[PDB]
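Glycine gets a Cβ as well: all are built from the backbone with ideal geometry, and neighbour counts include every protein chain shown. Just so it is clear, none of the values below were taken in a lab; they were calculated from the coordinates.
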Amino acid sequence: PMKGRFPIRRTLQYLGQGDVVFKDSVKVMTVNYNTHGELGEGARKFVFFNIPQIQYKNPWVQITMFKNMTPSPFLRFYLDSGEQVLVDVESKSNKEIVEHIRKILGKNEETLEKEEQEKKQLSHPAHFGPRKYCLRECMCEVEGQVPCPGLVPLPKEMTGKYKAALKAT
Amino acid sequence: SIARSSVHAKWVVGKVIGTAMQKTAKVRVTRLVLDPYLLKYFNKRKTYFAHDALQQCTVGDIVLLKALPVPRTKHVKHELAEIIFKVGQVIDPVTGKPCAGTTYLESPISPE
Amino acid sequence: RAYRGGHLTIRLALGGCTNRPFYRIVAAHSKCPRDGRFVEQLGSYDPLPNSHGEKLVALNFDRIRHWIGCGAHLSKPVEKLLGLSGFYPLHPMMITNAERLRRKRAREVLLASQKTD
Amino acid sequence: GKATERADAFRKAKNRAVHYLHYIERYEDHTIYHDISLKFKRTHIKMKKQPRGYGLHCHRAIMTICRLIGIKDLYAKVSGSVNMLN
Amino acid sequence: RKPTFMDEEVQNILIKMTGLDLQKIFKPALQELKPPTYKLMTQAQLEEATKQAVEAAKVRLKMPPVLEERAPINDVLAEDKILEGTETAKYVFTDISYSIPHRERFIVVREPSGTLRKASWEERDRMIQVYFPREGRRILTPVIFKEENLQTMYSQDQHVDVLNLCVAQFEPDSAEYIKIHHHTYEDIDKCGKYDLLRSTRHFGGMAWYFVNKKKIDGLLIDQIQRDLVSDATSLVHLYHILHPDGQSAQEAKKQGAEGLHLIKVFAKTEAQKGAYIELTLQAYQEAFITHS
RNA sequence: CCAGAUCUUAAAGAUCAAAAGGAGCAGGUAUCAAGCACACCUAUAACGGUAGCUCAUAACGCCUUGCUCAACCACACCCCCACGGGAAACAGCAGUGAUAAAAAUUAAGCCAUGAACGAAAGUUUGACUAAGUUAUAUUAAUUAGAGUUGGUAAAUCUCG
Ligand SMILES: [Mg+2]
Ligand SMILES: [Mg+2]
Ligand SMILES: [Mg+2]
Ligand SMILES: [Mg+2]
Ligand SMILES: [Mg+2]
Ligand SMILES: [Mg+2]
Ligand SMILES: [Mg+2]
Ligand SMILES: [Mg+2]
Ligand SMILES: [Mg+2]
Ligand SMILES: [Mg+2]
Ligand SMILES: [Mg+2]
Ligand SMILES: [Mg+2]
Ligand SMILES: [Mg+2]
Ligand SMILES: [Mg+2]
Ligand SMILES: [Mg+2]
Ligand SMILES: [Zn+2]
């Protein structure tokens, strides 16, 4: 996409590939940063680059920014318990902030893989139905079985027409 | 242990729009929503009424809302939990010191 | 859709194409359409004997007994299928029809040796 | 090349063409090296470098020229003015 | 404690004799192509990428298991005489549950005769395929494994591909899997074609086969003419492990044989062709010593 | 988020889920720009009190419209509803008038699945099953006719 300063961050791929997934305790994340100062720098790049990634993977978490309130950059996390995590980001890099947040309330790669494992056992291989939900529709299409007569017309005997015309006479 | 609210909004944080009604703050909450065509994030805003017991709220204060277990009215589903930033009087959560904008009002390195 | 009453049930949905039937064993609400919406798919049964002369039945046993355990009801043909599998005792009606069949074979045997004379 | 008679212009443009030759570097002698995008006057050509099997998917003029160069696998979309000389 | 194919000794010997040829391991494949990618590397980063590639090629090399043949299943769970004439066909009941290991699923069969039995092996596998299909398996056994087609494929020297079809199609403890792997090995031995399986994941297979059938001739001769003697000696070493008591293995304990001399030991005591072995060992030794 | 109904069982479960809700998404039209009571408190549930609430991030209107489809939403002659009132109902299967450019059988069975009821053998079911009709579409062969021939765009000769 042409317009913008760093167009690659408007791409579905870029948004996908960010990895942070909050624990379910996290409701609100609040960023407070400054528009000036060298120290503030990292926080700014965080809002510019990762906040989009983060949000995309945690669509239910309110993220909110505030500019030039406090003399120093920070994050605040509001949890469901009422607990409040306060993360001072000062001379920290963009990357360091993402890593430190992933450490505090993330989800271990174990957790994420278990979850996706529970989602992949949802569509069972041996079922039958619409292409959307299943690998096969009729059993007309499994190798050894009897084929869909819309392909290979049946032997006259298996036809109900023939059976009926037999019982009649 | 059952106390719940059917709302998705269990905790929110927002600005105080107006105080005009008795004991009730109007609060603008803002979220990031991803415009599908441009894949970009913009701020959608929504208002919430919140119950203010002591009428503590000036206009402009950043504030935190908790969802009320039993709705006080049709429009009031939240109670005001904390005042996160009083308007124009802000105590830095990091260093615990009074500040006006980006300036320290009382320096944190001068304890005595 | 919202119904007045009716129970959870394990039945056969009929999929297939004219003259070539096929069945999806299914846990569904009772009052909903045969081929329609269901709660969970349980198995499949293919009535037509295949290349090897087998009728293929598939049963998700774990889930089947999960639902029976919630008090779902079985259809007479699902009953007949489980019974055939050996997961349920034979259904009395299978046994009885077997006997009737035997007596028909008997009377046709006698009628055959009576007509031959 | 340009003349009153068609035959004449044909001759002229042939014999003249042989005087302006380019060398086109071919990767592995089928594709180009890397993706190309150019805006020449009002014409935008955009080409992409393909793998071995994907033959010549291009404006018909570009396919002609490619076949003459030896470029066998390519993808190019032209936008803006399709004027032939440009 | 009879040595098994998964014993770290035999695994290491075979991994070694296999060899890593990164050009054969990773070879252009006939799948749909997508344009290549380019990055700019140091000498360092290039060495790293190569080492990662090597570790990947290890996983690509992981040997398909070898098992002895499975025992025929015959078990009747019940007999209901009453059902006897009621059906012309057999019902086949397959437990399908997503959690269960495929060796633990229940596959049951009601016959027309009325007896309810466990499914045979072949029925079982065919059935699992029907309800849990995994690419590369046909339910009906493919034409290619008849002797004719197989011979044709050996003559175009596809032996690697045959082995791979086979690993996909059949089960490693099956009758057919074993039949076809052994018939194939037999053919690479008749023709001296051993190098076809060299950097393949299938090498240790014909290793372990030829050891246990006691034909090491062809593979020793081959290995030496390729000027790999570290491998020929690893091979006779292996032969000794899997035949602890035998005249060669014992005489190698007596004479205290070094590797090349080990191959000489084996050449004397056991191997069916000692003439070719001694001659090739001669040629290798002499020619190599004079050249280097 | 679930009241309720139903099934099972003591309970606990489970299936369908009304009402109530809202993170987000959701037809056209701004020449529809304001709506006109649309808010809150108090507390006892009332008296009373503040003067609010929605809206250019589209309120309030007007037009068009089933749908995001293992399905969902809505309707069931009309008067959104159905006490009442018009009035005497196929938007069940077949049929038929009218109407439209638009044309399937006033057919056979409960033998299979489903549903209802029965303790049960079983009965019923225009669901449905098997058939009838139709070049609407695919496929298979037994079947040759239509369109086109200035350029785009495959293909022309002589007459009028
Ligand atoms: Mg049909
Ligand atoms: Mg309930
Ligand atoms: Mg509901
Ligand atoms: Mg309409
Ligand atoms: Mg109505
Ligand atoms: Mg009507
Ligand atoms: Mg009505
Ligand atoms: Mg009708
Ligand atoms: Mg009616
Ligand atoms: Mg008519
Ligand atoms: Mg029509
Ligand atoms: Mg007509
Ligand atoms: Mg019936
Ligand atoms: Mg019946
Ligand atoms: Mg009838
Ligand atoms: Zn079919």
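Miscellaneous remarks
- Judged by a Cβ-Cβ distance under 4.7 Å, the unpaired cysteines of the protein assembly as shown are A:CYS134, B:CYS57, B:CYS99, C:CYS17, C:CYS32, C:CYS70, D:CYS58, D:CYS66, E:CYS166, E:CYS191.
- For D:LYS12, the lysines whose Cα falls under 19 Å of its own Cα, not counting residues fewer than eight places away in the same chain, are D:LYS2.
- Sparse-neighbour loop sites [GluC sites (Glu not before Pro); segment E:233-292; at most 14 other C-beta within 10 Å; DSSP]: E:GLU258
- Segment E:86-193: GluC sites (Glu not before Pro) in DSSP loop, at most 10 other beta carbons within 10 Å: E:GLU104, E:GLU135
- FRET E, pair D:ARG67, E:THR88, Förster distance 60 Å, beta-carbon r, rounded to 0.05: 0.35
- Taking chain C as a Gaussian network of alpha-carbon nodes connected by springs under 10 Å, the highest mean-square fluctuation of the residues C:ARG11, C:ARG107, C:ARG37 belongs to C:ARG107.
- Shown in residue order for segment E:93-105 are the 3J(HN,Hα) couplings computed by the Karplus curve 6.51 cos²θ - 1.76 cosθ + 1.60 at θ = phi - 60°: 9, 10, 5, 10, 9, 5, 6, 5, x, 5, 8, 9, 5 Hz (x for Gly and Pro).
- Among the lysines of chain C, pairs at least eight places apart or on separate chains and with Cα atoms under 19 Å apart come to 4.
- Overall form of segment C:1-63 per C-alpha gyration tensor (a/c, 1.5; a/b vs b/c): oblate
- The mean count of C-beta atoms from other chains within 10 Å of the C-beta of residues in C:54-67, rounded to a whole number, is 6.
- Counted by neighbouring Cβ atoms within 10 Å, the residues E:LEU260, E:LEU61, E:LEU67, D:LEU74 run from fewest to most as E:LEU67, E:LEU260, E:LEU61, D:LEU74.
- Dividing the Cα radius of gyration of chain A by 2.2 N^0.38 Å, with N the residue count, gives 1.85.
- For the protein assembly as shown: rounded, prolate or oblate by the Cα gyration tensor [a/c cutoff 1.5]: oblate
- For E:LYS214, the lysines whose Cα falls under 26 Å of its own Cα, not counting residues fewer than eight places away in the same chain, are E:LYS2, E:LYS16, E:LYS62, E:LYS179, E:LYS190, E:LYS193, E:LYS253, E:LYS254, E:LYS264, E:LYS268, E:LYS273.
- Screening chain A for DSSP H helices whose Cα atoms reach 15 Å or more along their own axis and whose mean Kyte hydropathy is at least -1.0 gives A:41-57, A:94-104.
- Where only C-alpha atoms are counted, convex hull volume of chain E per residue in Å³: 222
- If you run the Gaussian network model on chain B, springs between alpha carbon atoms under 10 Å, then out of B:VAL59, B:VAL94, B:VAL12 the most flexible one is B:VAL94.
- Helix E:259-269 and the long axis of chain E differ in direction by around 70°, with both axes built from C-alpha atoms.
- Between segment B:76-98 and segment E:44-113, the Cα center-to-center distance that results, in Å: 64
- Alpha-carbon centroid distance for the pair segment A:123-163 / segment E:158-206, whole angstrom: 36
- For chain C, the average shadow cast by the Cα convex hull is 10.8 nm², which is a quarter of the hull's surface.
- FRET E, pair E:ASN74, A:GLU109, Förster distance 56 Å, beta-carbon r, rounded to 0.05: 0.75
- Among the listed pairs B:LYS23/B:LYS86; A:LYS107/B:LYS86; A:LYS3/A:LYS27, a Cα-Cα separation exceeding 26 Å is found for A:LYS107/B:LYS86; A:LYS3/A:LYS27.
- Gyration tensor verdict on segment B:40-112 (Cα atoms; rounded if a/c is under 1.5, prolate if a/b is larger than b/c, oblate otherwise): prolate
- Set of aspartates and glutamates with alpha-carbon distance to A:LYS114 below 18 Å, sequence-local pairs under 8 removed: A:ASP19, A:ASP24
- Here the residues E:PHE132, E:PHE26, ranked from fewest to most Cβ neighbours within 10 Å of their Cβ, fall in the order E:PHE26, E:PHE132.
- Just checking the listed ones, A:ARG76, A:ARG44, A:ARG131: in the Gaussian network model of chain A with Cα springs under 10 Å, the one fluctuating most is A:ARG131.
- Near C:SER51, once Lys and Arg are set to +1 and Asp and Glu to -1 for all other residues with Cβ below 11 Å from its Cβ, the sum equals -1.
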